[PDB]
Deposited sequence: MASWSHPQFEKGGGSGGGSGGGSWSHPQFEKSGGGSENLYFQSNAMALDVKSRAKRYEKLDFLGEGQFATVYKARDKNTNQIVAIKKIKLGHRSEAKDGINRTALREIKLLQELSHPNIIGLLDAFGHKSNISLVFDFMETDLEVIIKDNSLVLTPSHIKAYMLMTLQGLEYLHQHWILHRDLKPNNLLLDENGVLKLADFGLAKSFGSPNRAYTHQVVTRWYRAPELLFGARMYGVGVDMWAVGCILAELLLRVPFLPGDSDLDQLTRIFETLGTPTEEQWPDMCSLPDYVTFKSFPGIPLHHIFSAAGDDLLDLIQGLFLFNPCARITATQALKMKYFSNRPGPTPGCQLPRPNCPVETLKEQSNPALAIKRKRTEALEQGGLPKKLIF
């Protein structure tokens, strides 16, 4: 593994290229108290998660070499992200491209959720596109298993822009819905090329959500008040769905509405979403080799 280029840096670790071409994510030590912990918990979590997972639309972990100080992971070279595609104004996103991206994301999440695992960090730059246009989920640092009523994790996991109202209202226990809403947000971004609800504060995020989709009632959320961080809101009428996305068809409107129910139990899942009439409708989703490339 001959390091040859620098690919960026984040809060979890530092990533750089290497000769097949791969990418090493080397983990830096945490805080002073976290330096005594040893191997970083995010890295161990991601190691086990990608060791127990195998799917064409999930990033592939190859090697996890390291030394005493910390650990370093190795992944396949991922050409670009989805955020690059979205933010690039030179790239025209035909409805087929949106259909293909949503199809890949939904299939990956279907496989992930079948094994009782929540990504909890869904957002466009986390969806990586290869040289063959194969979208793969990544950044499994926050990915945690779900189903057992024993372990409850922090609600403050997803970023503020793509956080479901169940998480924003401080829910200890949740299910697949926390992913699905994020997916919908991504879908909305693919329809507008700008963040759907780009709130700065989390309360402002809630205001944006309720101003765009209308304030939920007890009919659409039977136990909304039961949440501990539940805050009362004024009844916004909510913009009709066809006004926000004028170019989206009726099936796409139904898919978006299903992805954007306020009740997490009634919110559609990956299998249900793949079974909607939108994906089988004309035109067919674009192949991997015909997706836009920067």
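Comparing the deposited sequence with the modelled residues, the stretches lacking C-alpha coordinates are 1 to 56, 76 to 80, 356 to 391.
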